[PDB]
Amino acid sequence: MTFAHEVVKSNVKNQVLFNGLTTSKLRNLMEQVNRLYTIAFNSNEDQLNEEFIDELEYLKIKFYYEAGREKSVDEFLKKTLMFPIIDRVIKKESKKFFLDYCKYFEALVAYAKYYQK
Amino acid sequence: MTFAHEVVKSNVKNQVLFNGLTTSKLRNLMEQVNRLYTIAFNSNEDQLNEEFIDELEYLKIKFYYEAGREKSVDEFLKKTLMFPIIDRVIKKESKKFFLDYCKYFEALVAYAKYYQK
Amino acid sequence: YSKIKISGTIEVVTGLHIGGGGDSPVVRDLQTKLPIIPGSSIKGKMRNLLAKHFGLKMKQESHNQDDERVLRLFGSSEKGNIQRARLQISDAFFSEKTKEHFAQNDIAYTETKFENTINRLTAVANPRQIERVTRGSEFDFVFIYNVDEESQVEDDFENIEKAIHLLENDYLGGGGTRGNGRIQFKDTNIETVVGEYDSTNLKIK
Amino acid sequence: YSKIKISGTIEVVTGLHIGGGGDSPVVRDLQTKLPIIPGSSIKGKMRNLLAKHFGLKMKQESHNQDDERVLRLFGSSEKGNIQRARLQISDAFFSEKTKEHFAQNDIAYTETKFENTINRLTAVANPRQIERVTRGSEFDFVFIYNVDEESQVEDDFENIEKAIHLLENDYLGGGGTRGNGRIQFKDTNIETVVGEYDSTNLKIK
Amino acid sequence: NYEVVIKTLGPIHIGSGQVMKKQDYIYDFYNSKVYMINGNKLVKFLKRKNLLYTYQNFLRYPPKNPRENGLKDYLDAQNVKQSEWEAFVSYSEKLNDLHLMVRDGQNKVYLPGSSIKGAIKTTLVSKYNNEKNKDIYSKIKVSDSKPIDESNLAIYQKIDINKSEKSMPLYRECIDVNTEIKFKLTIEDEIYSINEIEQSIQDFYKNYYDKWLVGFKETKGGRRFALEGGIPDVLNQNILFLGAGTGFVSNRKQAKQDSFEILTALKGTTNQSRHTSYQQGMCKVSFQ
RNA sequence: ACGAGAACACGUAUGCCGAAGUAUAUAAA
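Residues numbered from 1 in each chain as written, not as in the entry; some residues may be left out. Chains lettered and ligands numbered in written order. Part of a larger assembly, values for the part shown. Heavy atoms only, no water.

- Chain E appears in the PDB entry as CRISPR system Cms protein Csm5 from Staphylococcus epidermidis RP62A.
- Per its UniProt entry, chain E bears the Function (unreviewed entry) comment "This subunit might be involved in maturation of a crRNA intermediate to its mature form."
- Recorded in UniProt under Sequence similarities (unreviewed entry), the annotation for chain E is "Belongs to the CRISPR-associated Csm5 family." (UniProt positions renumbered as here; feature names shortened; annotations may be inferred.)

- Looking up chain C in the PDB entry gives the name CRISPR system Cms endoribonuclease Csm3, with the organism given as Staphylococcus epidermidis RP62A.
- In the Sequence similarities (unreviewed entry) part of its UniProt record, chain C is described as follows: "Belongs to the CRISPR-associated Csm3 family."

Listed below in structure tokens is the structure:
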């Protein structure tokens, strides 16, 4: 699933990225991710709150909405396996895996931000 | 929960959505729900004021009006149990359940928007 | 140095659309989810107008180096000069009277206004939706004045009252040209919160 | 030899940007990932403003010389006569009450207000984005005061009263003139943690 | 820094995008007033009479009988008293669909800043032949209107005024004749001065007259309005069409080709009360 | 009865300063 983190370099075509993705269009997603990263990080146990499960549900909702608004975001989310990993993280409900997803997503964001028009 | 998720994929037929539902057809409902959202957020206590109960009553009236206006909206509201959920929300008179309903309906709308002609 | 406070209220005459956060939303707080007028907006607008009232050559404009007295009033500290700002503007917050008034009259806080463009030799419309703060709402502000020297306080508040008048007949926000953004000022109060200076002869209209 | 502890909470009125990291993020603890107010910020702003209160000539400004008793309170120990510092300002940390509050009501710990710049002769805008700590946040602070000389307790606490009061009418962090970072102090406390000194006649508003 | 006074010569509409359906009105065939209904008060009445389930089902699956598909009949079937039927009216004007204007927070109609510079821009572009008028758009500022009390709101039917008159099936609410509406004007480009703006509008109107307004003659509604409005003198007056509902036009061969392309016939209003036709849009503007 | 034994890498100072989320965008039918 790290090939999903370095697919970003395989997606530098001719020049636009992800067919015109800009990090600027990722802002709402980044904000929500940071919010719940902080909230999870302060948490003690590995078992997540049921309210936190509902929060993750709200994450998937927002991801789908953003994929609906913009096509480049849609390609980014679909081909990098974002949706299955979100579902899987919701399935295990363990803190460390949620942090693992957070590190993957942040690595994606930063590396994509390296290349922009 | 996210019954919205599998319901929205259950309503993809042959292509029509809820027999032709479109995002333009829910604008008024979205506006009303948003205003009730902000008003209830402004509230401090969990007990719902009788004025907010009357707001919920008028919201029910508006669902029924729109469902009588168009057939596809009627099928959407009927299968998504909007009417039973609103009745239960009115019965409970708790703010947190109303916010949970808000999140559910937002997810419904987001899915309906992501799957469109 | 003593500090002289200015408190008051912005009345929303016609719509107001900051929309820094963006269908095309406006700037809103997150502790109450009720809109605000960022202080940066007010400060920039007053600085632009009060600069324009004084001299402004293409060179002054070239590098945001402005007339010496407005510079004194708002601080530059760039051209090898010691100038920290002397006038502090805070944010404006949806007031309590407004919230109660709109609750007990059942009126929303935000209008969603639909706009179109008509293409030339095409007569085809492309619609837009712009969301603006509802009229007649009031926000409250607080300003802070610092007295770095005693013998420019009267002159500086003369400048500030001129600026407030200019704002009272101008627009703050987005697209006043297209319609929204006139404001008015009410309930100016002047106190010297810390120090030993008198706030009786000093006035702002 | 006694030590007196001063405790309370800082309530953010308008968004605060310390932001020592430099986009433009705020200082954050690396164990909780929450914003902090470094104690150097409090000490420096109190230093500066209470210095500018008393005499501060151009010669004093150039050689960083200050008033004898502000120096006594905060210590110089550079040259001339060495005065060891006497008031220890600690950092402030994001309180658990407000943590429960914002977790329950689902409010972000940080807003990213977007700001603009209208340069002259071009009117072309170039945007920027700034992180700011949400209002209603509460930070818990501790001060420690050492009694090196018994007879001077009253004057020193008088001066720190001046410091608190003057700070409440000023800003912390950046963008102070742009609206940002006004604070208030609330629920203060004085108690003798070490020694044989009474601290009942003491007050800080 | 000027105040602008607007004298509505004819019915003026600014469409809000809200199209009322078969609900929230009573259409009195026999006294010719339509009664908008407060949603809140009406439904809380329904609950003090415990008929809300009846009202909801009434709405939900309409009888399909056109005489039985309104709101007045719904209220009558429950024998609701006319005084109470007067108790539950939010507001009224003298209808399958009805088009509402923009409204402010307190349901108070106002004139937008988009419309007023819409007409003013159009006037400037035509007079100066688009002399960088897009740049001067930023240097001419119009404030929104003050509110418009419902003392000057009434419904009108769209009339297709050609050599034989035809009605459009729906209506549009409009401002009544002769209403006085003010806004405030600010100028950041002194070149297009107040008198310059007024003369630009006037020249636009005169060109409009000698191109199109002369052609609709020999139509009964035509010469009635053309003469009643006094347009031969109006060539001296500062008259302009605001908002929507004015003719699409607001040489002949190029106009024909363009109009074919666009559409790929005059819009006005006819009253029953006085049998007098007004074309939608024109109003008088004077500055101060 | 240990090339020992005394010995605070201490003291002074903050993320500052100027920046408007702006410009067009007839609510057509």
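## Considering the overall build of chain C
Alright, step 1. A count of helical and extended segments in chain C gives 5 helices and 8 strands.
Alright, step 2. Along chain C, helices (α) and strands (β) appear in the sequence β-β-α-α-α-β-β-α-β-β-β-α-β when read from the amino end.
Alright, step 3. Seen along its three principal axes, the alpha-carbon backbone of chain C occupies a region of about 60 × 50 × 30 Å.
Alright, step 4. Sorting the 205 residues of chain C into buried and exposed places 46% on the buried side.
Alright, step 5. Total accessible area on chain C is roughly 10400 Å²; 46% of this is exposed by carbon and sulfur atoms. (Helix = DSSP H or I, 4+ residues; strand = E, 2+ residues; numbered from the N terminus. Buried < 20%, exposed > 50% of the residue type's maximum accessible area, 1.4 Å probe, protein only. Areas by Shrake-Rupley, 256 points an atom, 1.4 Å probe, with all protein chains shown as cover.)

## Side note on the overall build of chain E
Alright, step 1. Secondary structure summary: chain E contains 10 helices and 13 strands in total.
Alright, step 2. Summarising its shape, the C-alpha atoms of chain E cover approximately 65 × 45 × 35 Å along the three principal directions.
Alright, step 3. Among the 288 residues that make up chain E, the fraction classed as buried is 46%.
Alright, step 4. Carbon together with sulfur atoms contributes 49% to the accessible area of chain E, which is approximately 16400 Å² in total.

## A word on helix α1 (residues 39-53) of chain D
Alright, step 1. For α1(D), which comprises 15 residues, the first-to-last C-alpha distance of 21 Å matches the rise-based estimate of 21 Å (1.5 Å per residue) to within 8%.
Alright, step 2. Buried residues belonging to α1(D) abut α3 (68-74), β2 (87-94), β5 (138-146), α5 (153-168) and β6 (183-194) of chain D. (Expected span 1.5 Å × (residues − 1). Contact = heavy atoms within 4.5 Å.)

## Thoughts on the interface of chain D and chain C
Alright, step 1. On the side of chain C, 30 residues touch chain D, which itself brings 28 residues to the contact.
Alright, step 2. Buried area between chain D and chain C, both sides added, is near 2600 Å², and the carbon and sulfur share of it is 55%.
Alright, step 3. When the buried area of chain D at its contact with chain C is split by residue, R120(D), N169(D) and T177(D) rank highest and sum to 27% of it.
Alright, step 4. On the surface where chain D and chain C come into contact, there are 1 salt bridge.
Alright, step 5. Close ionic contact of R132(D) with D91(C) constitutes a salt bridge, the shortest N to O distance being 3.4 Å.
Alright, step 6. At the junction of chain D and chain C, the tally comes to 9 residue pairs in polar contact.
Alright, step 7. Taken together, the elements giving at least two residues each to the side of chain D that touches chain C come down to α1, β3 (110-115) and α5 of chain D.
Alright, step 8. Ranked by residues supplied to the side of chain D that touches chain C, first place goes to β3(D) with 5 residues. (Buried area = accessible area lost by both parts, 1.4 Å probe. Salt bridge = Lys/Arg side-chain N within 4 Å of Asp/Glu carboxyl O. Polar contact = N/O pair within 3.5 Å; in protein donor to acceptor, adjacent residues only side chain to side chain.)

## Brief notes about the side chain of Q88(C)
Alright, step 1. Inspection of the secondary structure assignment puts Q88(C) in strand β3 (residues 87-89).
Alright, step 2. Residue class for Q88(C) comes out buried when judged on its relative accessible area of 7%.
Alright, step 3. Side chain to side chain, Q88(C) and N146(C) meet in a polar contact 3.2 Å long.
Alright, step 4. Once you skip the residues sitting within four places of it in the chain, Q88(C) turns out to touch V142(C), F143(C), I144(C), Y145(C), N146(C), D170(D), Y171(D), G176(D) and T177(D).

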